Amino acid sequence: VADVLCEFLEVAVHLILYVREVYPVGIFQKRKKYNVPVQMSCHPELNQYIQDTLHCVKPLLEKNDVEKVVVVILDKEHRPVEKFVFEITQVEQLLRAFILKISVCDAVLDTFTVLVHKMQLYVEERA
Amino acid sequence: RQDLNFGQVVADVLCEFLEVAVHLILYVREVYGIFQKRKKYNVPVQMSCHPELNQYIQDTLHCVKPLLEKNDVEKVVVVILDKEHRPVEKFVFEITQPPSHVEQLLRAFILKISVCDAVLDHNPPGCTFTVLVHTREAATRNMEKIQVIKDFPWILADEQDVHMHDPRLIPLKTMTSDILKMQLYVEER
Amino acid sequence: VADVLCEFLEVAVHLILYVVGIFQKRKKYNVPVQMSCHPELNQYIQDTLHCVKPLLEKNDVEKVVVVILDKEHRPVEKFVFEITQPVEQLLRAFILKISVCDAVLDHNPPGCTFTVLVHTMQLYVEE
Amino acid sequence: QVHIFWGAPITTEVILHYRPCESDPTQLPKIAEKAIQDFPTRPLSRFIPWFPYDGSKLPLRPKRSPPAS
Amino acid sequence: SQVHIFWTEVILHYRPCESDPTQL
Amino acid sequence: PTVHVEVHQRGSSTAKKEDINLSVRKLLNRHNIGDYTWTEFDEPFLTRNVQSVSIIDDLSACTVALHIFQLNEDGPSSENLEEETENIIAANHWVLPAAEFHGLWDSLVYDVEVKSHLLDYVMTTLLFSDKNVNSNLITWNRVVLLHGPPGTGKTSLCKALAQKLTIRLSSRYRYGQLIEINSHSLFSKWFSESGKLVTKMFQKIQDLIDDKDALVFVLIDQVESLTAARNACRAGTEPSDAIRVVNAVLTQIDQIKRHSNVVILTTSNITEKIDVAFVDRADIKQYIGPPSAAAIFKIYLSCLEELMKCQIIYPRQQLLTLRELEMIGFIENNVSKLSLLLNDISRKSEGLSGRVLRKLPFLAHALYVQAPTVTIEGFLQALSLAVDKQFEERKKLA
Amino acid sequence: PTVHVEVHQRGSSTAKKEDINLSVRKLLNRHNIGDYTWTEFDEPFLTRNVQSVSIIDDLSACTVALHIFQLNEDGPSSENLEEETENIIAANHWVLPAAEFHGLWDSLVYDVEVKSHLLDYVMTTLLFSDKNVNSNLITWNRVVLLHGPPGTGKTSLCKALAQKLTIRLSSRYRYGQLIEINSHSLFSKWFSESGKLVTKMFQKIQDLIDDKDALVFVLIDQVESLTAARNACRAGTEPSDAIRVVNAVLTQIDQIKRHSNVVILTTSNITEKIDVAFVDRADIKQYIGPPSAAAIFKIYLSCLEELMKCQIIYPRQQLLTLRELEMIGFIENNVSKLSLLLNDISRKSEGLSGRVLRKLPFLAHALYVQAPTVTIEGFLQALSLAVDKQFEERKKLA
Amino acid sequence: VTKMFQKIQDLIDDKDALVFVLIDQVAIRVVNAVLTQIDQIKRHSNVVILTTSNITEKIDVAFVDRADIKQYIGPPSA
Ligand SMILES: Nc1ncnc2c1ncn2[C@@H]1O[C@H](COP(=O)(O)OP(=O)(O)OP(O)(O)=S)[C@@H](O)[C@H]1O
Ligand SMILES: Nc1ncnc2c1ncn2[C@@H]1O[C@H](COP(=O)(O)OP(=O)(O)OP(O)(O)=S)[C@@H](O)[C@H]1O
């Protein structure tokens, strides 16, 4: 099932990028491509970028050395200002929920690197 | 040396930001299909093609825009509601106001209300909105400040359009700001 | 066989670190070889080969390039080991090929500071 | 094991992924060791309304209706 | 197709204990 | 008369106070006999829970006063004064001795009249306070002003006064306090955002005075930042808000005049063009000039002694002082030859400020000596060379 | 004694430091022969991992210390306001050692030994820092002033200092920062907003200082602009710029005095019209004067053997230094004539600023000789006419 | 100044092109990001920069102090 949970992480990473306004280029628009109500990127370079980053963690994630998928949003100094940490302990109910989660998680809150140390997404953010 | 005064836009822009917001939300809340995708405020805003509805908003909000500028307004609420005029989707713009950062974080607002259709469950179409103006004075005190518009009249807090309920808040935003405490949140029912 | 091939890569990498007194004769795979007693290096080379291990579980592999660096880490020498990966004389024959290679050729400064690579029984040397 | 993909163009060991065609980062590892380390972790703050729905403080309402369609 | 650097889509290896070489 | 002793608690000397009191008592009764400083003791509780015992201004079988004091390693603890978190640091907050101001009162060297006056001022303040004098028949504004040519150290005097008085009054008050006011974070470009910030500062200070067990010193470093002259602001260039600030400050200083545990220390250099309505609001206006010949000698003697102790000058020599030089009638001899030559350097170094007099022991080893060691008469000559270099470098720069 | 050796390591070279040190020590001990610089090597490793080796003031001694450095490739980072990011601060940020700064320390030529004084100043600073001297008892403001005639390379010496110090003191601080302060973009003047602006850039300086393993140099150009003389100026029409912007910098710099890994370097033009309370807060105020005859001759040499090095003056004739002319005693000879004529140009081209001196070859090869390849004594004649061309041109603009 | 000079720099690294580049009447408004690019392309060589400033002595520190030879043209001729 991880062959589509990787694309769920795709959903996650671009929606974080999207709501954080990490760039002013408003490329993002609603994309139900193959009936998935999620808002990915319109750069096939970047869709395949997430695809092959997850491809090269596919011999690496389900091996279960994983202790947290830390999607860092990097900084101008390439600093983990917002580590969106996802615990690897695994049906749209979670998806929207995660979507919901992300949004309500950006609720309190105000360049990304996918480091890989209940999908209890928590944000370690600068104080 | 020149010390100097200031020129606040504080209380008015909010509702007209609501204008954009409502023009967005009337779109996103699926309560407008006569809406068109457009471009404004550097976001994929979805507005209305009807200039008639544009002037209807001119009346509904842009007539009360300096009348809404009293700071007594607590909850600028877009009640998204059925024929009974009772909410299903309480877009409670809880304006906790401490009197371009405003659009800097309404960037997130507009953008995420746009994403709210990925959070908003499939709300039935054929349901309109009411602009509940929650003031600090109950039961619609001072009819003049709410019926400022001559051609556009106002009404008191009649028993139907005064109450709401079922407050399940999933705070799609909590975007505090400098001038604004835009505690927007979508209280589902 | 991949496991015992990895142990023979151990034999290679470290005996070729030899092929000075901090090294010692001991029984490996029923031959006496004059390597190092270093337990840190023993388990470190074991770790190199046992991370090479899942790599060969993939079975997609070209070379085990045991780069004998100079002290500059900028190769003046090298030892590519292009085994086309799909009795004691032949388990010692490989060692005699490398000894005759370093025979016609020459080694590097005492600490060869080598960094094993892999490209995923025969060999040669890019000097 | 920790998997530090520097990229997106504008004990525990580290399986970093280099994957170069540029050869000019000049810093993967320190930034990799930066992305690896946990930094001042702000506690998860909680949500709450500050203006609740008061039964003694009630709203305003205008008269007219929107053009139906 | 893949090369590893026990120090083409490259899978380097770091072993954070050794990290003296400022530019790796 | 009374002699005063300060005993310094180390970091982990937690034990008690009365035991140290009586312990130093039997120490003084076993000794009984100028100012001195003990650092090496014999009795184990003394050697462990005391770092130093200084007798600061003979038969000591008379009245003696003790002041046990322990230094606190805290830091700035800035007051934000933020209206919407956009404001900037103001009123940095110093506490019971922070170990940063330690040893200050004796490194500074002035005339005799500048320290005793500024101390018995605050002493008589409390004497009058607790005898219940009539509030509005004899009163004071509790404000001191220090002016002098620049470089003569009048911020160190206030901070050392805070230190010395926190220690000297550890019985009447639980502990001391100090607020250094950032007189350039009160102003604001917008209209009447200045006076409100000034009154916000002073109401915060008033809150900090609410408790009557602390002792608050309020240091305004350079007043002319705040109390700018009121009339001199000539046509059109200076707006009105340059008047609201001054009179708000004056009103607040009058409003916190009623308490008895606040002293306001304010300094400014020869730019004493202070608003007259403030330059009258000052009990003591003391003049801090440049060091005199004896002061120069003592600064140089302290510098050389510290340097020898620190092993930049390895061969230690016993340098005399003025009292013995006048005792021997200035007779030239081997022991005083180097002392007299230092004195001759001093007599020709008259004129500079203290701000540089404590550089020269660093320049004369920065520009005229190469080896990281040098003998006295091999280092003290470079002192004369550095003095002449400073004088010429002053002169040719107009 | 001691001698210093510096070796350029290539950026594309990545060998370990100690291997480089061993290899250069091997080359030195094999050769072991004045202040000349190596460029030719005989080891493939050392070639691909070294660019040059140089001796900085013919002896087989082995009192050798190696400093190895990497001139950083990229140029300046920019510093803008925190919330007014458009143009408020706009400070320059060099991450030393930097590429655009090399060769700079060598080219500059003076005659008052500024280099040695102003370098061993920082050396003695570090010595006093490591020995744990009482900072309350011997102190320095860490501020160095340089003032003098316009265009005479006053500011050039500060970048050379910073480069030479982050090179010399490697392995003691991993790197250095150099913050160039624009003293003209911090005068947003409406009722003390500039005096509030100094605070933000100085907090950023604090940010770059607390990184206690980086040596930081703060270079202030036109230190007369930030600190205008407030006292003697009988202009009350200056509302708060002459009193609340000089006092807003006399504090932030007395605040970094406590730290030790910071040095303040300032460049001034007007000796007067600067606050007397800032000509006491500077350790070294050294005057950079217009070039003198021997200096002019040396600079002209530098230019001419530079041109010969790039083959502009194709027929290479030995240019004799002034020491060789003194040794021979000014004897006319078929090779010694050119140096003599250079020396006549030197007296004739006396009193010009170093910048026009380092221009004059450009003009003399611009108008008077169009030849892509030039023989000597015509190019020299071109200089001897272009200098008079410069005198007359200066007379033209009145 | 970002993509225009990447094109120009493509035209500079070759030894064959004598590229001269004109600047007319010497992010956005929180620097112009034009300096860093033009200053870095100054280094390539065989790319010579001319600026028709048309602005008199009043000049900023940004470009007028890195410019070396400065000539003035007045009223046109008969
Ligand atoms: N009389 C003195 N004895 C010893 N040191 C002095 C004396 N006067 C000045 N100093 C030295 O001056 C150093 C710094 O003094 P500062 O107080 O900073 O001067 P100051 O007057 O602030 O200058 P402003 O603030 O410009 S008046 C202190 O460390 C003092 O040692
Ligand atoms: N005395 C000198 N000896 C050798 N070269 C000099 C000398 N003075 C100046 N230069 C050259 O002058 C060029 C730049 O000098 P600057 O330092 O900018 O002069 P400057 O003193 O900055 O003048 P200000 O104060 O900024 S007008 C450098 O390239 C120096 O090489």
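Here, each number is a calculation from the coordinates, and none is a lab measurement. Ideal geometry is used to build each Cβ from the backbone, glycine not excepted, and the neighbour counts take in all protein chains shown.
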Mind checking which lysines have their C-alpha under 25 Å from residue C:27, skipping anything on the same chain fewer than 8 residues away?
C:53, C:97
Going toward the positive end of the dipole of the protein assembly as shown, with +1 on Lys and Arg Cβ and -1 on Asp and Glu Cβ, which of F:315, B:128, F:274 do you reach last?
F:274
Taking N as the number of residues in region B:9-188, the ratio of its alpha carbon radius of gyration to 2.2 N^0.38 Å works out to 0.97
Under a point-charge model restricted to the Cβ atoms of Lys and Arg (+1) and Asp and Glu (-1), what is the dipole moment magnitude of chain F relative to its Cα centre, in debye to the nearest 20?
380 debye
Residues meeting the amide H criterion for residue F:52 (H placed from the backbone, H to H distance under 5 Å, 5 or more places apart or on another chain) are F:8
Rounded, prolate or oblate: which fits the protein assembly as shown when a ≥ b ≥ c are the square roots of the eigenvalues of the alpha-carbon gyration tensor, with rounded for a/c under 1.5 and prolate only if a/b beats b/c?
rounded
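Loop-only check: which GluC sites (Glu not before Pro) in region G:269-369 are DSSP coil with at most 15 other Cβ within 10 angstrom? Don't skip to the end; give the middle numbers.
Values: sites: G:272, G:305, G:306, G:324, G:326, G:332, G:350; in loops: G:272, G:332, G:350.
Sparse-neighbourhood loop GluC sites (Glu not before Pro): G:272, G:332, G:350.
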Explain nothing, just the number: dipole magnitude of the protein assembly as shown about its Cα centre with +1 on each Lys and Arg Cβ and -1 on each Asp and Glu Cβ, in debye rounded to the nearest 20.
1700 debye
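Evaluate the charge dipole of region C:1-119 about its Cα centre and quote only its size in Debye, nearest 20, assuming +1 on the Cβ of each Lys and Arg and -1 on the Cβ of each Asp and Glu. Each step should come with its number before you reach the end.
Working: 12 positive and 15 negative charges, 64 e Å.
That gives region C:1-119 a dipole magnitude of about 300 debye.
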List every residue whose amide H lies under 5 Å from the amide H of residue F:191, counting only residues 5 or more places away in sequence or on a different chain, with H placed 1.01 Å from N in the peptide plane.
B:4
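State which entries of C:63/D:30; F:189/G:200; B:37/B:90 exceed 21 angstrom in Cα-Cα distance in the structure shown.
On the way: C:63/D:30 30 Å; F:189/G:200 16 Å; B:37/B:90 24 Å.
Violating the 21 Å limit, Cα to Cα: C:63/D:30; B:37/B:90.
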Of the residues G:215, G:147, G:379, the Cα lying farthest along the dipole of chain G towards its positive end, which is defined by charges on the beta carbon of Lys, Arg, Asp and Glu, belongs to G:147
Return the long-range amide H neighbours of residue G:4 (sequence gap of 5 or more, or a different chain), with a cut-off of under 5 Å between placed amide H atoms.
G:56
What's the center-to-center distance, using Cα atoms, between region G:1-59 and region C:37-83 in Å?
33 Å
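Output the relative contact order of region F:281-398, whole-number percent, from Cα pairs under 8 angstrom with separation of 6+ residues. Spell out each step's value before the answer.
Details: 81 pairs, mean separation 39.1, N = 118.
Once divided by the residue count of region F:281-398, the mean separation gives 33 percent.
To the nearest whole number, what is the average tally of beta carbon atoms from other chains within 10 Å of the beta carbons of peptide C:43-54? All intermediate terms of the calculation are to be shown ahead of the outcome.
Working: counts 0, 3, 1, 0, 3, 4, 1, 0, 6, 2, 0, 2.
The per-residue average across the peptide is 2.
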Picking from G:49, G:206, G:360, whose Cα lies most toward the positive end of the charge dipole for chain G (charges on Cβ: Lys, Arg +1; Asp, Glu -1)?
G:360
For region C:37-50, Karplus couplings with θ = phi - 60° (6.51, -1.76, 1.60), whole Hz, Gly/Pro x
7, 3, x, 4, 5, 4, 6, 6, 6, 4, 5, 4, 6, 8
Suppose the chain between residue G:93 and residue G:309 were pulled fully straight at 0.36 nm per residue; how much longer would it get relative to their current alpha carbon spacing?
74.4 nm
